[PDB]
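A single chain comes next, written as structure tokens; it is the form solved without its partner chain.
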């Protein structure tokens, strides 16, 4: 026991070859109550012609973050998606 005293400001989500949207994650018993989580727009990645390359993969980049939960509060560690990256698939065993 111890004592303790959203925005989208980057355009990377649209300029990325693995672009992403944001989804509202809301929990009234949590601080922050509203978290915006990334969801990749495509299964594949966008090529230089602007079309989807289904061979590559858009995958979410996750971060472990601290949140406060009403329980007087209790500290929790959760995983949130912050954006997406484009990867070459695992193609061997």
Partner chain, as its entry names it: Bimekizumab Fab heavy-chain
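Only residues modelled in both forms are compared. Numbering follows the first chain given and starts at 1. Whichever C-alpha set is largest while still superposing within 1.5 Å between the two forms counts as the rigid core.
Of the other entries compared for this protein that flank it with modelled residues, all give atoms for residue 92, so not even a third lack it. Compared against other deposited entries of this protein, residue 9 counts as often unmodelled, lacking coordinates in at least a third of those that resolve the residues around it. The gap between residue 5 and residue 6 holds 10 or more unmodelled residues of the deposited sequence. The entry shows an unbroken chain from residue 11 to residue 12, with no unmodelled residues of the deposited sequence in between.
As recorded in the PDB entry, 61-69 is the stretch of 61-69 and 43-51 with the greater mean C-alpha temperature factor. Judged by mean Cα B factor in the deposited record, 76-84 ranks above the other of 18-26 and 76-84.
The following text describes the form solved in complex with its partner chain, which does not appear among the structures shown.
For the partner-free chain shown, 21, 23, 37, 38, 39, 40, 41, 42, 43 of 18-45 come within 4.5 angstroms of its partner chain in the deposited complex, judged by any non-hydrogen atom. Once the core is fitted, the segment that moves between the shown form and the other one, counting only runs of three or more residues with each CA displaced by at least 2 angstroms, is 90-93 alone.
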